[PDB]
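just dropping in an experimental structure and the matching sequence.
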Amino acid sequence: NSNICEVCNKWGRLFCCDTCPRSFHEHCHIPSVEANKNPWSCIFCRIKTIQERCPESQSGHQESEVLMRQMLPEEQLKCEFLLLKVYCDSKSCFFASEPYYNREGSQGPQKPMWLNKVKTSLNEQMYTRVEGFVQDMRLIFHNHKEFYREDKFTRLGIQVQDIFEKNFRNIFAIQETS
Ligand SMILES: [Zn+2]
Ligand SMILES: [Zn+2]
Ligand SMILES: [Zn+2]
């Protein structure tokens, strides 16, 4: 197995996947690494299994159909993985914890949002459809773009949004377009 966490790239107290060489800190894995379960398979392996079981799940989909899906176990897992893929980027630090807004010439957003809040919401089964999860995720970046205006720091929102959107199109097998 790897000797660093797959998500944050640090050593420490790591739990090892039994079916691939990845390793995780307890709360870096989403969901948090389970108390028992030998063998244990990580989220990457669980997602791979879904694709393997149903190869046709990789044929192209319309975003609108994806967003209306109810959050049954497989869609819950996919949104957990997509959240995890955003945490995998180091620039996620900027969006992880609860933000505050006091900048001359801007007003804070009406509905602040952050990754740890989305994490909690997923853990508490608060989203009933994929749409709920994706709306909160996109709201993170949209709030950032609006607040930081022409400051170059706005680009961090663009960059982390691009990682979210690429992973969304991959995980949920959105139909490729130009
Ligand atoms: Zn970690
Ligand atoms: Zn694995
Ligand atoms: Zn099938």
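Thanks, I have the structure now. Numbers count the residues shown, from 1 in each chain. Ligands and ions are numbered 1, 2, ... in the order given.

ok, residue 137 - contacts?
Residue 137 makes contact with 82-83, 86, 118, 164, according to Cβ atoms under 8 Å, 6 or more residues apart in numbering. (C-beta placed from N, C-alpha, C; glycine too.)

what do you get for residue 92?
86, 115, 160.

got JSON lines for those, with distance to ligand 2, neighbour count and secondary structure too?
Supplementary listing: the contacts of residue 92 in JSON lines, determined by distance: Cβ to the ion, whole Å; neighbours: other Cβ atoms under 10 Å; DSSP: H, G, I helix; E, B strand; the rest coil:
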{"residue": "86", "distance to ligand 2": "19", "neighbour count": "21", "secondary structure": "helix"}
{"residue": "115", "distance to ligand 2": "22", "neighbour count": "20", "secondary structure": "helix"}
{"residue": "160", "distance to ligand 2": "24", "neighbour count": "23", "secondary structure": "helix"}
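
grab the nearest non-local neighbour of the spatially most central residue of the chain.
For the chain, residue 83 is the residue whose C-alpha lies nearest the centre (Cα atoms, centre = their mean; 1.1 Å). Using Cβ to Cβ, 6 or more residues apart in numbering and skipping the chain neighbours, the partner closest in space to residue 83 is residue 30 (5.6 Å).

which residues of the chain lie near ligand 1?
Applying the criterion Cβ under 5 Å from the ion, the portion of the chain that neighbours ligand 1 consists of 5, 7-8, 25, 28.

among these, which are in strands?
With strands taken from DSSP state E, the overlap with those comprises residue 25.

between the contacts of residue 137, which is nearest residue 75?
Taking Cβ to Cβ as the measure, residue 75 lies nearest residue 82 of those, at 10.4 Å.

ok, that closest one - contacts?
Listed by Cβ under 8 Å, 6+ apart, the contact partners of residue 82 are 133, 137, 164, 167-168, 171-172.
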